[PDB]
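Taking the form deposited in one PDB entry, here's one chain by itself in structure tokens.
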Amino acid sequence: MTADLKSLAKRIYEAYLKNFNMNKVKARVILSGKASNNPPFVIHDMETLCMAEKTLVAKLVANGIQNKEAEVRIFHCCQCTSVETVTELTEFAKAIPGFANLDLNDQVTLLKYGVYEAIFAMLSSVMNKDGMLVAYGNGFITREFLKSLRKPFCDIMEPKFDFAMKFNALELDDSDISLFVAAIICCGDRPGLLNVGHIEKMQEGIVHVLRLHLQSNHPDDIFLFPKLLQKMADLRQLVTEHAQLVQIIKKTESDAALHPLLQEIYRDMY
């Protein structure tokens, strides 16, 4: 692995640290409890949900969400976080060499299909087997509380926890995750791409650095790179199933609303 490949990896890592407000080293510090005796607030039932929502009152009242069903309020807040992460992913993509040179239409296409694969990959960093951090690591919503919601809402996050537990067993660090997210965005087989050749060359460059990076950083996990190739396939299927659930909610839940940036992404997706 030559100095040029090491540089590209370190620059992708910098762009990741500079654009994402949360990362795995921070999340594991919080989840471990070994750097402070003041843990995040735990949302584990309706009462502690409502207590947390006293802090979030301005976010809820902003869009007149405060009197909706609990399930709708929870996933309103979750959507707001997805919008933030899409916005960050867009800045991160612009820092990937060659991405900003692409046809603007292709940039939209890559982000349209790539952002949720990257979202659920990175979401794994803030998850453990019992719940997930929220509000920039300041809260922790339990997996069992989410499972206790009424259908369909109880079925939204559990498959993401299932994915995250196996993904986290790979013990990736942020230097790995930054290249993995770049590999997810720079994908040559998204529908509707206009310059598939230019993109495939970008994809090859990133996947090559990703492979050599993993062989250097995890020399004892010999087939980590093929494992991660499978995880990219798994994420595509996870997002397909997620988008089908978003469609069910739209058709069955009249009191729930979809943020307009997320409308654009989901419209005509799969």
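We call the rigid core the largest set of C-alpha positions that still match within 1.5 Å between the two forms. The numbering used is simple: start at 1 and walk along the sequence shown. Residues that one form lacks are left out of the comparison.
The discussion below concerns the form deposited in another entry, not included here.
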Select from 229, 70, 243, 65 the only position whose Cα moves 2 Å or more between the shown form and the other one when the core is aligned. 65
2 Å or more on the CA of residue 56 between the shown form and the other one, with the rigid core superposed, yes or no? yes
Cα separation of residue 59 and residue 111 in the other form versus here, shift of 3 Å or more: farther
Between the shown chain and the other structure, the Cα gap of residue 61 to residue 47 differs by 3 Å or more. Is it closer or farther in the other form? closer
What parts move between the shown form and the other one when you lay the two on the core: runs of 3+ residues, each CA off by 2 Å or more? 56-59, 61-67
